[PDB]
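Have a look at the structure below, then the notes.
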Amino acid sequence: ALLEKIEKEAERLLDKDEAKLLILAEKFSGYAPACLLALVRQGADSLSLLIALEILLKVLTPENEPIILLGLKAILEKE
């Protein structure tokens, strides 16, 4: 259920600073899944994604295991 709402709200997060999106995940843990999704849709930097990956892991629900899959795969495209 939430897996489809974290998809929608991240579209509303697609128009924000990468740094700001990192603080949103850090301070608002419930926004962390949508942040990482919005960060890969923006195609952010590897470090930017690794930070959001951390903020998401510490509060990771099994429904966000796909959000991890895309995150890792997007991070991989670096070297």
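At-a-glance table
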read-out: Qualifying residues in the range 1-56 (those that are hydrophobic (A, V, I, L, M, F, W, C) and farther than 17 Å from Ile68 by Cα) - the one surrounded by the fewest Cβ atoms within 10 Å (Cβ to Cβ); value: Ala1
read-out: Selection from the range 24-62 of residues that are without any contact (Cβ under 8 Å) to a residue 24 or more places away in the chain and in contact with a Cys (Cβ under 8 Å, 6 or more places away or on another chain); value: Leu24
read-out: Of all residues in the range 58-74 being under 10 Å from the mean Cα position of the chain (by Cα) and among the aliphatic types (A, V, I, L, M), the one that is surrounded by the most Cβ atoms within 10 Å (Cβ to Cβ); value: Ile67
read-out: Qualifying positions in the range 47-64 - part of a helix (DSSP H, G or I), of a type outside the set (S, T, N, Q) and over 13 Å from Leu2 (Cβ atoms); value: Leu47, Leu49, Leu50, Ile51, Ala52, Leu53, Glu54, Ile55, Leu56, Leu57
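Ideal geometry is used to build each Cβ from the backbone, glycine not excepted, and the neighbour counts take in all protein chains shown. All of the numbers you see were taken from the coordinates with simple rules; none came from a lab.
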